[PDB]
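Chemist: Dropping a structure here in structure tokens format, bear with me for questions.
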Amino acid sequence: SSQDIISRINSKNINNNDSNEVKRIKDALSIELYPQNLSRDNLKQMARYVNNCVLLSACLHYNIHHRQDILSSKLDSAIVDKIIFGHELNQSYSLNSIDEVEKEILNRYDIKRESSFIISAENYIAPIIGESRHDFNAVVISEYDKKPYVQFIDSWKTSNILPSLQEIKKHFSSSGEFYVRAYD
Ligand code: NA
């Protein structure tokens with residue numbers, strides 16, 4: 001798979017309107033197992049390893065999928081997805097709150113055991129700039145004899161890379177859509 005990334009990122013079959021973006025990605029991206037059942041501490045180490053929020057979140061998603069620390073950073077999510085995964089990842093319908101994101105993810109896990117997702121928020125409050133598009137990650141953690149829970153992961157937000165639901169909710173007002181996507 002990582003060799004397919006290398007082929008895509010260096011290819012000449014690219015619309016020149018996308019050239020600078022692909023170059024920014026190529027410049028940032030580095031290419032170098034974790035257990036099948038991840039722990040919260042595993043996720044912390046993976047989030048630290050990878051660290052632009054769209055690139056970071058896609059890198060982390062990829063690493064989680066392969067259970068290995070492969071991609072890191074040293075942007076249109078469609079272009080990023082095409083490079084890292086080889087296609088755009090299919091999205092959910094728009095969701096209206098981070099609470100609803102959590103519920104949808106728990107439902108997907110309940111039915112299909114799908115456990116790792118990229119979240120795209122429209123009106124995330126970033127420092128200084130305010131409401132803005134922001135990507136981050138969510139993984140379902142299953143600890144012994146405990147109900148599965150959603151761990152949000154924001155590898156960009158280095159002050160708190162594993163926020164609680166309460167903490168991440170601080171970064172939203174009622175303004176905003178959310179979308180969930182995942183590599184299959
Ligand atoms: Na926070």
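To be explicit about the labels: the chains of the structure tokens are called A, B, and onward in the order shown, and within each one the residues are counted from 1, while ligands get numbers from 1 in the order they are shown.
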Give one line per residue of segment 17-122 of chain A that approaches segment 132-152 of chain A to at most 12 Å, naming the two atoms of the closest pair and their distance in Å to one decimal, counting only C-alpha atoms; sort by chain then ascending residue number and deliver it as CSV.

Modeler:
residue,atom,partner,partner_atom,distance
A:36,CA,A:142,CA,11.0
A:37,CA,A:142,CA,7.4
A:38,CA,A:141,CA,6.8
A:39,CA,A:141,CA,6.6
A:40,CA,A:141,CA,6.9
A:41,CA,A:141,CA,10.4
A:42,CA,A:141,CA,10.4
A:43,CA,A:139,CA,8.5
A:44,CA,A:151,CA,10.3
A:46,CA,A:137,CA,11.5
A:47,CA,A:137,CA,9.5
A:52,CA,A:135,CA,9.1
A:53,CA,A:135,CA,5.5
A:54,CA,A:135,CA,5.3
A:55,CA,A:135,CA,8.6
A:56,CA,A:136,CA,8.0
A:57,CA,A:136,CA,5.3
A:58,CA,A:136,CA,8.5
A:59,CA,A:137,CA,10.3
A:60,CA,A:137,CA,7.8
A:61,CA,A:137,CA,7.3
A:62,CA,A:137,CA,11.0
A:63,CA,A:137,CA,11.8
A:64,CA,A:139,CA,9.0
A:65,CA,A:139,CA,10.7
A:75,CA,A:133,CA,10.4
A:76,CA,A:133,CA,10.6
A:77,CA,A:135,CA,8.9
A:80,CA,A:135,CA,11.9
A:98,CA,A:152,CA,9.9
A:99,CA,A:150,CA,10.5
A:100,CA,A:150,CA,11.7
A:101,CA,A:138,CA,9.3
A:102,CA,A:150,CA,6.4
A:103,CA,A:150,CA,8.9
A:104,CA,A:150,CA,10.3
A:105,CA,A:150,CA,7.5
A:106,CA,A:150,CA,7.1
A:107,CA,A:140,CA,10.7
A:108,CA,A:140,CA,10.1
A:109,CA,A:140,CA,7.5
A:110,CA,A:148,CA,9.1
A:113,CA,A:140,CA,9.0
A:114,CA,A:140,CA,8.2
A:115,CA,A:140,CA,4.9
A:116,CA,A:139,CA,4.5
A:117,CA,A:138,CA,5.2
A:118,CA,A:137,CA,4.5
A:119,CA,A:136,CA,5.2
A:120,CA,A:135,CA,4.4
A:121,CA,A:134,CA,5.3
A:122,CA,A:133,CA,4.5

Chemist: Please identify every polymer residue within 8 Å of ligand 1, using only C-alpha atoms and all ligand atoms, and present the set as a PDB file with C-alpha atoms, in the first residue's frame.

Modeler:
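For reference, pocket-v3.pdb as written:
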ATOM      1  CA  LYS A 157      -4.569  19.794  18.923  1.00  0.00           C
ATOM      2  CA  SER A 159      -2.560  20.550  23.992  1.00  0.00           C
ATOM      3  CA  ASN A 160      -5.152  17.726  24.257  1.00  0.00           C
ATOM      4  CA  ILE A 161      -4.822  15.009  21.641  1.00  0.00           C
ATOM      5  CA  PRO A 163     -10.238  15.024  24.314  1.00  0.00           C
ATOM      6  CA  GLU A 167     -13.893  18.844  26.078  1.00  0.00           C
ATOM      7  CA  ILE A 168     -14.271  18.616  22.316  1.00  0.00           C
ATOM      8  CA  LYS A 170     -16.199  23.314  23.767  1.00  0.00           C
ATOM      9  CA  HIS A 171     -14.899  23.826  20.248  1.00  0.00           C
TER      10      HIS A 171
END

Chemist: Could you tell me how far atom CA of residue 126 of chain A sits from atom CA of residue 86 of chain A, in Å to one decimal place?

Modeler: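 It comes out at 29.4 Å.
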
Chemist: What is the distance, in Å and to one decimal place, between atom CA of residue 71 of chain A and atom CA of residue 87 of chain A?

Modeler: 17.1 Å

Chemist: I'd like the neighbourhood of residue 67 of chain A as a PyMOL selection string, where a residue qualifies if any of its atoms comes within 8 Å (using only C-alpha atoms), though same-chain residues fewer than 6 positions away should be ignored.

Modeler: chain A and resi 33-36

Chemist: Can I get the selected residues back with N, CA, C and O atoms, as a PDB file, in the first residue's frame?

Modeler:
ATOM      1  N   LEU A  33       3.860  -4.497  14.955  1.00  0.00           N
ATOM      2  CA  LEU A  33       2.489  -4.008  14.900  1.00  0.00           C
ATOM      3  C   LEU A  33       1.939  -3.624  16.271  1.00  0.00           C
ATOM      4  O   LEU A  33       2.315  -4.201  17.298  1.00  0.00           O
ATOM      5  N   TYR A  34       1.016  -2.666  16.286  1.00  0.00           N
ATOM      6  CA  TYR A  34       0.099  -2.540  17.397  1.00  0.00           C
ATOM      7  C   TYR A  34      -0.854  -3.744  17.449  1.00  0.00           C
ATOM      8  O   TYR A  34      -1.171  -4.371  16.420  1.00  0.00           O
ATOM      9  N   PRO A  35      -1.387  -4.033  18.651  1.00  0.00           N
ATOM     10  CA  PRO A  35      -2.351  -5.115  18.794  1.00  0.00           C
ATOM     11  C   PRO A  35      -3.630  -4.932  17.981  1.00  0.00           C
ATOM     12  O   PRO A  35      -4.012  -3.800  17.647  1.00  0.00           O
ATOM     13  N   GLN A  36      -4.301  -6.021  17.680  1.00  0.00           N
ATOM     14  CA  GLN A  36      -5.597  -5.984  17.024  1.00  0.00           C
ATOM     15  C   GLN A  36      -6.610  -5.216  17.841  1.00  0.00           C
ATOM     16  O   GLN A  36      -7.368  -4.438  17.289  1.00  0.00           O
TER      17      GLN A  36
END

Chemist: Quick one: everything within 7 Å of residue 83 of chain A, counting only C-alpha atoms, minus sequence neighbours fewer than 2 positions away in the same chain. Send it as a ChimeraX atom specification.

Modeler: /A:5,8-9,79-81,85-86

Chemist: Using only C-alpha atoms, please write the residues we just selected to a file, as a PDB file, in the first residue's frame.

Modeler:
ATOM      1  CA  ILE A   5       1.012   6.145  -2.190  1.00  0.00           C
ATOM      2  CA  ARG A   8       0.283   8.386  -6.813  1.00  0.00           C
ATOM      3  CA  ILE A   9       2.075  11.267  -5.168  1.00  0.00           C
ATOM      4  CA  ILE A  79      -7.015  15.043  -2.896  1.00  0.00           C
ATOM      5  CA  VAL A  80      -5.584  13.804   0.375  1.00  0.00           C
ATOM      6  CA  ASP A  81      -7.771  10.712   0.303  1.00  0.00           C
ATOM      7  CA  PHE A  85      -6.095   5.652   0.151  1.00  0.00           C
ATOM      8  CA  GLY A  86      -6.353   5.633  -3.633  1.00  0.00           C
TER       9      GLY A  86
END

Chemist: Rounded to one decimal in Å, what is the spacing between atom CA of residue 183 of chain A and atom CA of residue 66 of chain A?

Modeler: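 So the answer is 11.0 Å.
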